[PDB]
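Have a look at the structure below, then the notes.
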Amino acid sequence: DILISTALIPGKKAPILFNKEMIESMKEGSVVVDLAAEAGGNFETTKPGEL
Amino acid sequence: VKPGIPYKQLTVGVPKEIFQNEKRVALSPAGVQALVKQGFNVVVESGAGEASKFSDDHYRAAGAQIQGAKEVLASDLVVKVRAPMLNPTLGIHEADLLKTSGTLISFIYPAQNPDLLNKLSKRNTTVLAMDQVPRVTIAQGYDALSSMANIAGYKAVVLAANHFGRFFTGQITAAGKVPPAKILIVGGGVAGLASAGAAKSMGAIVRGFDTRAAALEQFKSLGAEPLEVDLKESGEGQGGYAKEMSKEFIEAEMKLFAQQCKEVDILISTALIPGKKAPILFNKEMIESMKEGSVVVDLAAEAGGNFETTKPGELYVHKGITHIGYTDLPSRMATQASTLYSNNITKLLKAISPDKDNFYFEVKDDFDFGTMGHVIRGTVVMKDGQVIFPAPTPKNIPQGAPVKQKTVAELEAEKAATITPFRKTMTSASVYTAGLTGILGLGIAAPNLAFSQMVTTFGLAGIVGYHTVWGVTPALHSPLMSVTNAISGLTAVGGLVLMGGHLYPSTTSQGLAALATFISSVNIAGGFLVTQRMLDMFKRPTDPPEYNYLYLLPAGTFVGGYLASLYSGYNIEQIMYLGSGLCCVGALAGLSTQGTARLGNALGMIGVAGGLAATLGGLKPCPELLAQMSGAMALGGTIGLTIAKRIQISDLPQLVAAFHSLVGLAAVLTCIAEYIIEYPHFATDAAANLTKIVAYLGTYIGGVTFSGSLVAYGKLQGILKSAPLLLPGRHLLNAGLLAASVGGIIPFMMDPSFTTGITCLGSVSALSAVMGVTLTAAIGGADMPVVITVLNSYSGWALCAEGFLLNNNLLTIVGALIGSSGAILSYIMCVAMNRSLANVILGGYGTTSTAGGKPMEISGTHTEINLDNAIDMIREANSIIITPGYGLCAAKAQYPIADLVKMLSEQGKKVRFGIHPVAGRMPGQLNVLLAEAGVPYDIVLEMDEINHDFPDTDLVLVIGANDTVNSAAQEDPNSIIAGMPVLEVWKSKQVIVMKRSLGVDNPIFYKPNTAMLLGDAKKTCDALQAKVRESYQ
């Protein structure tokens, strides 16, 4: 039910570890946390300045 | 005919939300499953759970139907989470859009909704009140205020975060110690306990306190620091509410809260006066007495708050201490809120009208306390305009008086507290002065120094025997009885020094001694066979290979050095008796480990070998006399060797009770034989009277052993009827036989006539046999094995009285060693139950803590389960404790339990067994039957260590046991079986009981967390075996 993405390689861009429909593949009410927000993010869709 | 109309004609309705910030839902899709499963029709609106993360397609596939909004509330039942108001979506009141005879179950509060009550009476609808459900135990399935309080407390402890700038738990790592926070739970109802559990899970230090005394107990039980005030007034608020005490308690609590207000940083206010405003527990300066960065949130945001400064709906800073004052905290958690609302509505409607396709819900206005009729009348507040809001009090007084029971631990504490400290020391000093004058009394009648030497070695061997058979692991008691019977065949030593003449006996005493050694070799061969057949069943397969053939080195050099010292002109037999006696002690001592058990049999075989070789070499036999001794002992070994390999281990106590009869017969025979061979030496012997008395006593003991053992064999096997048969005058008869055994010893001196002496010495075996039949027939097979161990004590003391007669140290050492083992097994099994020995032997009623009369009845209901719901309830669990009984293993039904354990343990479960010391007909029989089944001994526990490893268990399988799992034993002092220690099985959750049909019956049979099934334990068990194998594979 909860998903926290904190994956990031230092010095290069963080790999997108979540897809476009695999992110919507959770239930309606999912929580996707992207803790690599300054270095891009581990999702296929993540605006890094707003929830 | 029932007047309830069909539920298929009944239509429930879920309308949209018209109130501002109304985000929770009343019915889920899982909430749409039931009550359409119970029968009512369901029509749903378009937007109901989009904010609650519940799509309308899920309710459409769950059974609800897509309808409009005007025709949604205008159904046979209309369901909202709040009262109807002026719907600005439609522009009229929501009561103006429904049908006439509707069905209303929502938040009403009609004391605050009088105009809503008038608008409902104008619509002529029937309204049940969800808010007016009183605090009842049967209404515990539907407590909407309690679940709303729990959800609001969890959301409040959640909203504590993102307001506090420090970590909640705090750790001491290697960068700086993070101090934990101090949270103040001001006001503990249900939400106080819920938020306290959420904070204690989070890691904070909670110090909540409340005016209610039960709230302080619950706060300490959750683990908070219960703060106290100085003005200890009476705790107001009887009846499930909170009232106002004096102003002294208010000022003391205000001072205490202001003092701790400088100590804590989190302020959670959850106190509320019922029907009145919130009591002001935080003033301006009393709130300003906190540090900066603090947070004060109040759960009573609707009816004001306990803070003097509170903005209802905001997040105001207000000079640093941010008063978190949002008013809809639980509305923001609409998923679990709607889930609990649907669960409460289902638990209400399950008792509101319990009929399939029929619904009347006729309320009773008789006002019976505890009744669901009075709870329904309090719930149903309007009936087509007829207001039932002002309700009358209940006529009964259910759940209103503290008459709780007092346990039998308290009564035994009282019977220990009725003894002044003078009488404890007085009784102890009386026992010691009786013992010391008994030692002097044995000193006065001593004829020579040989008897003093034998008394000294007898007493010291008795203390070794007392001290070494408490040492054994209680899983190995069932080999211990067989080891002591194998050692008990050393009365052949009593035969061999008497056996004489030629290869055929000359005199009659030589014939009797030949009979004694012949029926005593049987004990040795059969006992060591059943011992090593039994110890080779506790062996796990994944152990290293134990080589045992290299124990012929100590035995070989032991008897080889003895025979070399025999052919060297030496004499070692007085030291060989020490060697065999210490090997017989090490037989019982070395088996106290479960890992070195095989040495504990090898030392016994060395001991018996060295003992018989020493006594045989210590009388110089001529080479034709030795052939008869070898032939007689070899025939006895042949018989005992060929019978103890053709019996299954379930038939063991018959064999052990036969071996004790043989030991008693051998002792009587060698006693009479030694009296007959030593008659013409009754002039020149100072110890002649002493050996005459010791002959009499050994005759008495052996005869009682013989008769009681063969009657015990008859009652165990099934030959005699297992019921405790009666004799009309027994106590005068048993007292008469005992007094005749005492009175026979008086004419047994004063006449050295052989014709009188032998005829009054052989008339003692008869009296012993008659009293043994009289004291063994009237026992009862349920408390059987205490009389199979008391006979073991009698055989050991028969060997002790033999050793005092033949002047032999080996016999006295092993006699004390066997007798103390028998008495300790009888004591550990009399204290397994709680009956004393004198209440067992000469008849008695009940336990030793019951008193008076009237064993109490306990009511309750049943819960039947099939095989499929049994395996459905097993298949989840991860920690299972099985308590098998004797009706399991003696019904040839332990092999499916064995491979059930074998199949469940390899899938990640934790299967353990739990064993009680009277489950069986021998001490420790159930351990060896479970090891016969093929179970490793790392999962078989005993009672004293599994008993507090029940509450963290998912599942308990109770299989064929009644008295060891009763609940009347601990709580009910009237009961028959009270005070008996017992497995606390009713601190688990799901208890499968397998027995024949039905039931003083056990209260676990009616306690509602028990999920029992039916059938024969073989059939239920192996059907469950086949389902376990066909379910997973």
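FYI, it's all coordinate maths here, none of it is from the lab. Heads up, the Cβs are rebuilt from the backbone with ideal geometry, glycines too, and the neighbour counts pull from every protein chain shown.
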Residue order, fewest to most surrounding Cβ atoms within 10 angstrom, among B:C760, B:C622, B:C584, B:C261: B:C622, B:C760, B:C261, B:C584
Cα shape, the stretch B:388-441, gyration tensor, a/c 1.5 rule: prolate
Which ³J(HN,Hα) values in Hz, rounded to whole numbers, follow from the phi angles of the stretch B:454-463 under the Karplus curve 6.51 cos²θ - 1.76 cosθ + 1.60, where θ = phi - 60° and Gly and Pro get x? 5, 5, 5, 6, 5, x, 5, 5, x, 6
Hey, what D do you get for chain B in µm²/s if you plug the Kirkwood alpha-carbon radius into Stokes-Einstein at 4 °C and 1.567 mPa s? 36
Using θ = phi - 60° and the Karplus form 6.51 cos²θ - 1.76 cosθ + 1.60, what ³J(HN,Hα) does each residue of the stretch B:219-224 get, whole Hz, x for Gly and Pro? 6, 6, 6, 6, x, 7
How large is the translational diffusion coefficient of the stretch B:91-142 in µm² per second when you combine the Kirkwood radius over alpha carbon pairs with Stokes-Einstein at 25 °C and 0.890 mPa s? 201
Compute the normalised compactness of the stretch B:378-518: alpha-carbon radius of gyration over 2.2 N^0.38 Å, N being the residue count. 2.47
For chain B, the dipole about the Cα centre with charges only on Cβ (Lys and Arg +1, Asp and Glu -1), to the nearest 20 debye, works out at 1040
Which links in B:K37/B:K909; B:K645/B:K902; B:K37/B:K383; A:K27/B:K311; B:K200/B:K277 stretch past 31 Å when you go from one Cα to the other? B:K37/B:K909; A:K27/B:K311
Taking every pair of alpha-carbon atoms in the stretch B:420-469, what share in percent sits in each 10 Å bin, from 0 to the bin with the longest distance? 22, 34, 31, 12, 1
May I ask for the Rg/Rh ratio of the stretch B:885-924, computed from Cα atoms with Rh as the Kirkwood radius, given to two decimals? 1.04
Cβ density ranking, 10 Å radius, fewest first, applied to B:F422, A:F18 yields B:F422, A:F18
For a quick protection proxy, order the peptides B:865-874, B:742-751, B:495-504 by their average other-Cβ count within 10 Å, most packed first. B:495-504, B:865-874, B:742-751
Sort B:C671, B:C800 so that the residue with the fewest other Cβ atoms within 10 Å of its own Cβ comes first and the one with the most comes last. B:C800, B:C671
Give me the Å³ per residue figure for the convex hull around the C-alpha atoms of the stretch B:994-1033. 66
Hull volume per residue for chain A, using the convex hull of the C-alpha atoms, in Å³ is 67
If the cut-off is 17 Å between C-alpha atoms, which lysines fall inside it for A:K47, apart from same-chain ones fewer than 8 positions away? A:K13, A:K20
Which residues' amide hydrogens lie under 5 Å from the amide hydrogen of B:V387, considering only partners 5 or more residues apart or on another chain, with H built in the peptide plane? none
The stretch B:4-109: C-alpha gyration tensor shape, a/c 1.5 cut-off, then a/b vs b/c: oblate
Taking all pairs of distinct Cα atoms, average 1/r, flip it, and tell me the Kirkwood hydrodynamic radius of the stretch B:821-962 in Å to one decimal place. 17.5
Peptide B:50-59, shielding by other chains (average Cβ, 10 Å cutoff): 1
Would you please give the residues with an amide H less than 5 Å from that of B:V940, counting only those at least 5 places away or on a separate chain, with H modeled from the backbone geometry? B:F913
I'd like to compare B:26-32, B:430-436, B:896-902: which one has the highest average count of other Cβ atoms within 10 Å, and what's the full order after that? B:26-32, B:896-902, B:430-436
Bin width 10 Å, origin at 0, all Cα-Cα pairs of the stretch B:965-1006: what percent of pairs per bin? 26, 53, 20
Place +1 on the Cβ of every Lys and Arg and -1 on the Cβ of every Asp and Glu in the protein assembly as shown, take the dipole about the Cα centre, and give the residue among B:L128, B:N878, B:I818 whose Cα lies farthest towards its positive end. B:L128
By the Cα gyration tensor axes a ≥ b ≥ c (a/c under 1.5 gives rounded; else a/b larger than b/c gives prolate, otherwise oblate), the shape of the stretch B:210-255 is oblate
Amide H within-cut-off set for B:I5, under 5 Å, with H built and near neighbours excluded: B:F359
If you plug each phi of the stretch A:41-51 into the Karplus form 6.51 cos²θ - 1.76 cosθ + 1.60 with θ = phi - 60°, what whole-Hz ³J(HN,Hα) values come out, in order, with x for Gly and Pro? x, 9, 9, 6, 9, 8, 6, x, x, 8, 8
Which Rg and Dmax, in Å, describe the Cα atoms of the stretch B:568-696? 18.6, 56
